[PDB]
Amino acid sequence: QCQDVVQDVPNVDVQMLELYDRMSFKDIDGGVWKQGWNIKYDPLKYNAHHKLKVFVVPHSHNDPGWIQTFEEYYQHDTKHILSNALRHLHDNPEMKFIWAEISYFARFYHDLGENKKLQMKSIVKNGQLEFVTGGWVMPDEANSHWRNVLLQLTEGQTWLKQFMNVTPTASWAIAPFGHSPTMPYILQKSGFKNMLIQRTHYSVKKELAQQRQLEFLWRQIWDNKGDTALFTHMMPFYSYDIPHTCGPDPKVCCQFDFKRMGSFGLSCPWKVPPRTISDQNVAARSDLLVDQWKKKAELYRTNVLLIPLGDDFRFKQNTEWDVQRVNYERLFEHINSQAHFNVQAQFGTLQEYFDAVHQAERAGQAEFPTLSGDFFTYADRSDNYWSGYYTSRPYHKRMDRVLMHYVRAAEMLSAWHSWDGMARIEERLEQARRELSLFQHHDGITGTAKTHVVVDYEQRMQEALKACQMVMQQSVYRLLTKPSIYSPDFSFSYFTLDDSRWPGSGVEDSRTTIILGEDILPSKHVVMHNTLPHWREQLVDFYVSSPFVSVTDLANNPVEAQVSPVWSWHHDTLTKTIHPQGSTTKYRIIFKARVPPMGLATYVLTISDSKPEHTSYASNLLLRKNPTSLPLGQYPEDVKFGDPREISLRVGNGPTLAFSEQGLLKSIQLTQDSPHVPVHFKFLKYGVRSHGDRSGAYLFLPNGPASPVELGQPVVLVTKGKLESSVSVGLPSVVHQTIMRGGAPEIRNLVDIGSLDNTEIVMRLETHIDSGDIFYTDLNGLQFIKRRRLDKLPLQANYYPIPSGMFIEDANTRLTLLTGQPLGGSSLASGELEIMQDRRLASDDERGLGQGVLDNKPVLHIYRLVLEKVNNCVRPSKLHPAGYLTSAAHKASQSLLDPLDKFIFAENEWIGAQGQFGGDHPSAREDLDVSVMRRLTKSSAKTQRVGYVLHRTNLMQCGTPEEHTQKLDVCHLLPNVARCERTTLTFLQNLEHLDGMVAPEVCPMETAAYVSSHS
Ligand SMILES: OC[C@H]1O[C@H](OC[C@H]2O[C@H](OC[C@H]3OC(O)[C@@H](O)[C@@H](O[C@H]4O[C@H](CO)[C@@H](O)[C@H](O)[C@@H]4O)[C@@H]3O)[C@@H](O)[C@@H](O[C@H]3O[C@H](CO)[C@@H](O)[C@H](O)[C@@H]3O)[C@@H]2O)[C@@H](O)[C@@H](O)[C@@H]1O
Ligand SMILES: *[C@@H]1O[C@H](CO)[C@@H](O)[C@H](O)[C@H]1NC(C)=O
Ligand SMILES: [Zn+2]
């Protein structure tokens, strides 16, 4: 039944990796079409029985934050655009307009009076104003997680269904910097039939244009059958503005942007202005315009032509609506009445274009090619590759993944119950979803906005995190308190969240210490949540005010624990060293939590007057010349000192790691007998060019290969414990930490680029794996795509997004690096992986931001590093464009993106506390996730509805029997099920009524949505 995603290489007309291997990428001057050629056409192609049908589609690109904040743009620009669109479309029944960004549209519509809301609904209902995509934003496609692309699509489309009674089936993505197949994947599973893209490499546009392959059926790289295919239109020219949308010659097209005559403060760079259309010049003007159109039409297969008419924050002033509409109407009247042109031109919408194209297709006038692959890394000209934004503003890139998980956890924890309106649960969740959705914008997560705009996004995300926390902690109190005792105050904090990795040690002192003492409080309840649908163990840590603390479960069973010091690193501006200081009053307690699928587990921390039986203490070794003492208060083991030296550590039965005298990994030995496999971490720096084009927020233009960071003799701290050991080193700009808990290590970098201008800090792994020119990186946390390093392209072109992981492998060995944040990276030589940590750039890179990147702040980046033998794995053939994780690497990714949540009871005594929730939840196969659980109804609905998105990844078969799990039927997770339906991923359309009210599990690489109804 399920397609095999490993063993069958899809047959497609265009496969982008194969295309890349054969293309030359020469940047030659093509004439007026600078990156193309002089298009020729036969005037006799079109005649009375075969006309060229031209749709001119007015639009206005509205950024939800970029050079101004969302609200600043709304007040200065977008409210006027929407108000004038309402008036002008109402008064001119033939005029049309498309709208993409529902964040703005919702902000506007809710401020309208009823009379105007009704006028607005009427111009939508009658097809004059058409929503395209309908997401909250037009998201970045490189750094965004697929879960958040879905979240923002759903937020916008749910608003549209509710208020406008429409669901777009055509997507418009004119602005993201390069394009991902994650988009057609999600859109096709959300009812879409068509999509449009624009920012692809100029060489790719030229190559596909030559073959008339700019319209294609875009399927996923593993899809043999083609059921994922989505019809895609790629625009052919350098920009989506008017000069680059009428045809190949911008000097001509610019004369048809009637906003550029002077009074609006705009002009044509090509030095020939628009002229008002009159009876005396309409023939000559129409000659010029129709020639452009016929040239553009040569690049496509049907007699239906799309002509976008818009640009950034256009259609603001009434006078602008008039100047565009009246002049185009005069052109249409002339062109359409002159039989010799054999053109019928008119204003249209995006859907009208695609409907006409498919009519031509069904008439047998065209067949379209199939395509798989992606469209990264984008270059718009010369060697200007937009790989800088894979890293820019990495603090907020990390924040995105933290909030991603908090939103999921809050929606899931609160979904189990119906909530009174006074609890404000729906209100807080809507705020959290909207702020996370806003940040998916192609100037949000990308790090390409002005400083004060980044601050705005950060503030919004902080508010969203507080909202998630409130919802989460109220939900835990309800789920774990005896119902007849449960007595909620919906404003009260029953628990506080404890997060060990955000903002992170050295970033913010934000974690509460659990305060215990014989004269204040003997013990404290803590609760862990596991959002994943399988039983999970994970080490968890809390700060406590005594080293003498023991852990129990709620059956009072002792739990083995480890206590370690609290270490903070300081750039000592007196001694000019970076070194750690230990607390003499706060300590870390660490223990293994075991939590049910989608469940909760309670533990108790209790103080005693001396070392407890079931708690051990880590040893600590500070390696440096010229040590001074490090007292640790009551901590029972004295810190040891030594000169820098190589060291080796092993936790449990796990790998043995060896480190250099500078505290950096040099080798990994998987088992007792096995080789010490060379795996070396190194930090390097890229610079900026001193002549020619400068790196900025968008572009990465290095002045050659990276140079090693000079390390000096750094201070190394080794902590050795039964449950957790670590090696931490204070390097220039980076406190680098390797943590061992018995499996693949965790890596944490506290990155503070300080005042190092024009520097990019990279973390590289050096191995002897014979990977050649091949490596793999993920797309949106959804799939791994094969990359080939191309020495015919510059270094920055071989950088790709690393939104969640990357790997290299040979016949026998693979190294996978999983990330807790999207960053840029590559494999620039056989056996290497590298990933950029931060970048600080003094110059603007001429893309409109008008500033460099000088607002850096300390960030804690997190990773897992998985070395594995892969000789026994069933891998795709050499020609397959995909790769797949192993079980260990997938689990390591989940440990970073969706860790256990930790809650500390806030008061002294928790009356009616219970030990566990979800112990009867099915424990699903490891490749299955419940990506979303969301209650879709408020408490006043007679029939309650709960939505689930179920995703199954595909993990490699490597010989592990891995057995007995339970079937997960999401429709039976809540009692009193009356109906189970399969829906689109946005939950907005029912696709199948399910027998037995049973939701089937999905196939590998598939994602399905289900809604259960409850009486
Ligand atoms: O590029 C990614 C970006 O795409 C869209 O926005 C693109 C904008 O492109 C054009 O503006 C580029 C110029 O903008 C500035 O204001 C300046 O920063 C300028 O640089 C000069 O000055 C710099 C000072 O630091 C200097 O460093 C540099 O060397 C330059 O000398 C930029 O060159 C425009 O197309 C702009 O659109 C406005 O202007 C149009 C032309 O007049 C109008 O037709 C239009 O209505 C609008 O008023 C674009 O906004 C967005 O998609 C964005 O999301 C994305 O990040
Ligand atoms: C919404 O659209 C449908 C047609 O798609 C129509 O039948 C219905 O009356 C419209 N108004 C609603 C649903 O309120
Ligand atoms: Zn934009």
# chains A, B, ... in the order shown; residues from 1 in each chain; ligands from 1

call {"tool": "residues_around", "arguments": {"residues": "residue 578 of chain A", "least_positions_apart": "4", "cutoff": "9 Å", "atoms": "only C-alpha atoms", "output": "NGL selection string"}}
result
:A and (569-573 or 714-715 or 729-732 or 735)

call {"tool": "residues_near_ligand", "arguments": {"ligand": "ligand 3", "cutoff": "10 Å", "atoms": "only C-alpha atoms and all ligand atoms", "output": "list in words"}}
result
residues 61, 62, 63, 64, 65, 66, 137, 138, 139, 140, 173, 174, 175, 176, 177, 311, 312, 313, 441, 442 and 443 of chain A

call {"tool": "write_last_selection", "arguments": {"atoms": "N, CA, C and O atoms", "output": "CSV table (one decimal), in the first residue's frame"}}
result
chain,number,residue,atom,x,y,z
A,61,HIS,N,3.1,44.1,-2.6
A,61,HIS,CA,3.9,43.3,-1.6
A,61,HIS,C,4.0,44.0,-0.3
A,61,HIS,O,4.6,45.1,-0.2
A,62,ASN,N,3.4,43.4,0.7
A,62,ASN,CA,3.4,44.0,2.0
A,62,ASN,C,4.1,43.2,3.1
A,62,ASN,O,3.7,42.2,3.5
A,63,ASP,N,5.3,43.7,3.5
A,63,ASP,CA,6.1,43.0,4.4
A,63,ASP,C,5.6,43.2,5.9
A,63,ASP,O,5.6,44.3,6.3
A,64,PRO,N,5.3,42.1,6.6
A,64,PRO,CA,4.9,42.2,8.1
A,64,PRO,C,6.1,42.4,8.9
A,64,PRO,O,6.5,41.6,9.8
A,65,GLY,N,6.8,43.6,8.7
A,65,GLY,CA,8.0,44.0,9.4
A,65,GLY,C,9.2,43.8,8.4
A,65,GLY,O,9.3,42.8,7.8
A,66,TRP,N,10.0,44.8,8.3
A,66,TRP,CA,11.3,44.7,7.6
A,66,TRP,C,12.1,46.0,8.0
A,66,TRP,O,13.0,45.9,8.9
A,137,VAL,N,1.6,35.1,6.9
A,137,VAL,CA,2.7,35.7,6.2
A,137,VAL,C,3.0,35.0,4.9
A,137,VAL,O,2.4,34.0,4.5
A,138,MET,N,4.0,35.5,4.2
A,138,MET,CA,4.7,34.8,3.1
A,138,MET,C,6.0,34.3,3.6
A,138,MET,O,7.0,35.1,3.6
A,139,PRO,N,6.1,33.1,4.1
A,139,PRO,CA,7.2,32.7,4.9
A,139,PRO,C,8.5,32.5,4.2
A,139,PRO,O,8.5,32.1,3.0
A,140,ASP,N,9.6,32.7,4.9
A,140,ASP,CA,10.9,32.1,4.5
A,140,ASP,C,10.7,30.6,4.3
A,140,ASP,O,9.9,30.0,5.0
A,173,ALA,N,4.2,33.1,-4.0
A,173,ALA,CA,5.4,33.3,-3.2
A,173,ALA,C,6.5,34.0,-4.0
A,173,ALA,O,7.5,33.4,-4.5
A,174,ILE,N,6.4,35.4,-4.1
A,174,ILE,CA,7.3,36.1,-5.0
A,174,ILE,C,8.6,36.6,-4.3
A,174,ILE,O,9.5,37.0,-5.0
A,175,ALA,N,8.6,36.4,-3.0
A,175,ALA,CA,9.7,37.1,-2.2
A,175,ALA,C,10.7,36.2,-1.4
A,175,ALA,O,11.8,36.7,-1.2
A,176,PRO,N,10.4,35.0,-1.0
A,176,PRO,CA,11.4,34.3,-0.2
A,176,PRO,C,12.7,34.0,-1.0
A,176,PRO,O,12.7,34.0,-2.2
A,177,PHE,N,13.9,33.9,-0.3
A,177,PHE,CA,15.1,34.0,-1.0
A,177,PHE,C,15.6,32.6,-1.4
A,177,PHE,O,16.4,31.9,-0.7
A,311,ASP,N,4.4,46.0,-6.9
A,311,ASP,CA,5.7,46.1,-6.2
A,311,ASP,C,5.5,46.4,-4.7
A,311,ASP,O,4.4,46.2,-4.3
A,312,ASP,N,6.5,46.7,-4.0
A,312,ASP,CA,6.4,46.8,-2.5
A,312,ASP,C,5.5,47.9,-2.1
A,312,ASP,O,5.7,49.1,-2.5
A,313,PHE,N,4.5,47.6,-1.3
A,313,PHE,CA,3.6,48.6,-0.7
A,313,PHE,C,3.0,49.5,-1.8
A,313,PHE,O,2.8,50.8,-1.5
A,441,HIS,N,7.8,35.1,8.7
A,441,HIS,CA,8.0,36.1,7.6
A,441,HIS,C,9.4,36.0,7.0
A,441,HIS,O,10.3,35.7,7.7
A,442,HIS,N,9.6,36.3,5.7
A,442,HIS,CA,10.9,36.2,5.0
A,442,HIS,C,11.8,37.4,5.4
A,442,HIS,O,13.0,37.4,4.9
A,443,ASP,N,11.4,38.3,6.3
A,443,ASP,CA,12.4,39.2,7.0
A,443,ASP,C,12.4,39.0,8.5
A,443,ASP,O,13.0,39.8,9.2

call {"tool": "residues_around", "arguments": {"residues": "segment 326-333 of chain A", "least_positions_apart": "5", "cutoff": "9 Å", "atoms": "only C-alpha atoms", "output": "list in words"}}
result
residues 256, 258, 276, 277, 278, 279, 282, 283, 285, 286, 289, 321, 338, 344, 345, 346 and 347 of chain A

call {"tool": "residues_around", "arguments": {"residues": "residue 136 of chain A", "least_positions_apart": "4", "cutoff": "6 Å", "atoms": "only C-alpha atoms", "output": "ChimeraX atom specification"}}
result
/A:101-103,152,156

call {"tool": "select_by_dssp", "arguments": {"residues": "segment 745-900 of chain A", "states": "helix (DSSP H, G or I)", "output": "PDB file with N, CA and C atoms, in the first residue's frame"}}
result
ATOM      1  N   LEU A 795      32.647  29.423  -3.069  1.00  0.00           N
ATOM      2  CA  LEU A 795      32.441  28.861  -1.738  1.00  0.00           C
ATOM      3  C   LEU A 795      31.011  29.122  -1.175  1.00  0.00           C
ATOM      4  N   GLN A 796      30.562  30.384  -1.211  1.00  0.00           N
ATOM      5  CA  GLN A 796      29.259  30.731  -0.655  1.00  0.00           C
ATOM      6  C   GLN A 796      28.066  30.040  -1.341  1.00  0.00           C
ATOM      7  N   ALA A 797      28.261  29.559  -2.587  1.00  0.00           N
ATOM      8  CA  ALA A 797      27.171  28.855  -3.307  1.00  0.00           C
ATOM      9  C   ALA A 797      27.023  27.436  -2.793  1.00  0.00           C
ATOM     10  N   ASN A 798      28.102  26.927  -2.184  1.00  0.00           N
ATOM     11  CA  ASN A 798      28.054  25.584  -1.603  1.00  0.00           C
ATOM     12  C   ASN A 798      27.571  25.551  -0.164  1.00  0.00           C
ATOM     13  N   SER A 887      17.680   5.610  13.311  1.00  0.00           N
ATOM     14  CA  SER A 887      16.889   5.769  14.528  1.00  0.00           C
ATOM     15  C   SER A 887      17.599   6.665  15.557  1.00  0.00           C
ATOM     16  N   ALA A 888      18.899   6.441  15.772  1.00  0.00           N
ATOM     17  CA  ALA A 888      19.609   7.213  16.802  1.00  0.00           C
ATOM     18  C   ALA A 888      19.667   8.674  16.425  1.00  0.00           C
ATOM     19  N   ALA A 889      19.835   8.962  15.130  1.00  0.00           N
ATOM     20  CA  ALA A 889      19.992  10.365  14.729  1.00  0.00           C
ATOM     21  C   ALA A 889      18.621  11.059  14.826  1.00  0.00           C
ATOM     22  N   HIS A 890      17.562  10.362  14.469  1.00  0.00           N
ATOM     23  CA  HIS A 890      16.222  10.930  14.576  1.00  0.00           C
ATOM     24  C   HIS A 890      15.877  11.199  16.039  1.00  0.00           C
ATOM     25  N   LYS A 891      16.141  10.220  16.893  1.00  0.00           N
ATOM     26  CA  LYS A 891      15.905  10.431  18.332  1.00  0.00           C
ATOM     27  C   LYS A 891      16.736  11.618  18.864  1.00  0.00           C
ATOM     28  N   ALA A 892      17.973  11.750  18.400  1.00  0.00           N
ATOM     29  CA  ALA A 892      18.822  12.871  18.838  1.00  0.00           C
ATOM     30  C   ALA A 892      18.210  14.213  18.375  1.00  0.00           C
ATOM     31  N   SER A 893      17.677  14.248  17.145  1.00  0.00           N
ATOM     32  CA  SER A 893      17.010  15.478  16.690  1.00  0.00           C
ATOM     33  C   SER A 893      15.810  15.823  17.570  1.00  0.00           C
ATOM     34  N   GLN A 894      15.000  14.810  17.894  1.00  0.00           N
ATOM     35  CA  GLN A 894      13.847  15.019  18.796  1.00  0.00           C
ATOM     36  C   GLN A 894      14.246  15.507  20.187  1.00  0.00           C
ATOM     37  N   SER A 895      15.416  15.074  20.667  1.00  0.00           N
ATOM     38  CA  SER A 895      15.901  15.464  21.983  1.00  0.00           C
ATOM     39  C   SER A 895      16.220  16.964  22.028  1.00  0.00           C
ATOM     40  N   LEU A 896      16.542  17.520  20.856  1.00  0.00           N
ATOM     41  CA  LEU A 896      16.910  18.953  20.740  1.00  0.00           C
ATOM     42  C   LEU A 896      15.641  19.795  20.499  1.00  0.00           C
ATOM     43  N   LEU A 897      14.782  19.322  19.594  1.00  0.00           N
ATOM     44  CA  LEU A 897      13.608  20.130  19.196  1.00  0.00           C
ATOM     45  C   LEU A 897      12.426  20.002  20.124  1.00  0.00           C
TER      46      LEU A 897
END

call {"tool": "closest_residue", "arguments": {"among": "A:568, A:459, A:585, A:550", "to": "residue 610 of chain A", "atoms": "only C-alpha atoms"}}
result
A:550

call {"tool": "atom_distance", "arguments": {"atom1": "atom CA of residue 450 of chain A", "atom2": "atom CA of residue 265 of chain A"}}
result
23.3 Å

call {"tool": "closest_residue", "arguments": {"among": "A:561, A:540, A:160, A:153", "to": "ligand 2", "atoms": "only C-alpha atoms and all ligand atoms"}}
result
A:160

call {"tool": "residues_near_ligand", "arguments": {"ligand": "ligand 2", "cutoff": "9 Å", "atoms": "only C-alpha atoms and all ligand atoms", "output": "PyMOL selection string"}}
result
chain A and resi 125+161-166

call {"tool": "residues_around", "arguments": {"residues": "residue 1000 of chain A", "least_positions_apart": "4", "cutoff": "10 Å", "atoms": "only C-alpha atoms", "output": "NGL selection string"}}
result
:A and (950 or 967-971 or 982 or 994-995 or 1008 or 1010)

call {"tool": "residues_around", "arguments": {"residues": "residue 674 of chain A", "least_positions_apart": "3", "cutoff": "12 Å", "atoms": "only C-alpha atoms", "output": "PyMOL selection string"}}
result
chain A and resi 655-656+667-671+677+868-869

call {"tool": "closest_residue", "arguments": {"among": "A:499, A:463, A:287, A:420", "to": "residue 543 of chain A", "atoms": "only C-alpha atoms"}}
result
A:499
